[PDB]
Every structure is written in structure tokens, then in C-alpha cells.
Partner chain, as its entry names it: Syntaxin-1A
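Form deposited without the partner chain, single chain, as C-alpha cells, below.
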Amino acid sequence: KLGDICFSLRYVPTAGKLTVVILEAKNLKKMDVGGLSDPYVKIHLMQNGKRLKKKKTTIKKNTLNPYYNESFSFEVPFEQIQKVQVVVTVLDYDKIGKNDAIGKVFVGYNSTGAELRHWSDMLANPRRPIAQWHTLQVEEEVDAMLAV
């Protein structure tokens, strides 16, 4: 498995500002042989399949069920909040070597089910934040979904 990461959402149309708040990851896969992991979360703002912004949170050295509660801000127009998708990706850090991909979640157009409901709930609450548990899925499949 990959695990599950909880993150919040908060759109402000009055100003046209998108907000993504990282909360915590759990059941994260072990990337270190017989050891722990160093998973962190990242956020990417894509336009119906077009990379626009890239963000990353702190790194929880040696762990698999760490907390974050980080607040990120984006600049998405009230007319784009529906055409954009916030992708929450969790990657494992490895000092020198490259960072392994634990998994990644996505919310927005291409999204569906609990993911689409969250993004929609966000727009429904253009003032109050929306937190929910997002189960990290295979990044490759995730990228395949965004691809039309």
C-alpha cells in the first residue's frame, strides 16, 4: 500500500484565492530497508492537465505517520477553481539519493468520488476550510488520470 494523507482545502472567491492545507500522512510505505521513511507532501496546481504551480512541505525524517498542518496559498480565479486541480503528492526523502514516491492524491475536474466531492465541497464553502483523509494512490495512475 501507499498510505493516507489528510489535507484541508479553502477557496476564497471574494478575492479569487485558492488554499491548500497539509495536515498529516499515515500508513506511509517504508522506503528504508528494515528502517523508517522520510515522507513529505507536495502540491501542484494544474489546469485541466497543465502544470502551473509546484509546492512542497517539510520533511518528516524517519517516520510513516507524521503530522504537518501546513497552510499553502494559491492564486486561482473564481472561474478557474473549477477548471484546476490540486494534486497532493507524498514523497520519501533520502538525503543524497532521489526522493521515492510514496503516492499522490488529486482533486478537481478529472477527480471523482471522494476526491471530486472535496474539491466541490471547497467551492461550496468559499470561506471555510475543508479537511478530509485522502488515500495516496499510485502516482503513475494519478498522472494517467489527469492526462486526457
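Numbering follows the first chain given and starts at 1.
Quick note: we don't show the form solved in complex with the partner chain, though the next part is all about it.
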Of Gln82, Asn69, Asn62, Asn48, the one that lies within 4.5 Å of the partner chain in the bound PDB entry (heavy atoms): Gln82
4.5 angstroms heavy atom contact with the partner chain in the bound PDB entry for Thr112: yes
Interface membership of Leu52, the partner chain in the bound PDB entry, 4.5 Å heavy atom rule: no
In the bound PDB entry, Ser120 touching the partner chain (heavy atom, 4.5 Å): yes
is_contact(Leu116, the partner chain) in the bound PDB entry, heavy atom dist at most 4.5 Å: yes
Within 48-81, the residues that have a heavy atom no more than 4.5 Å from the partner chain in the bound PDB entry: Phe78
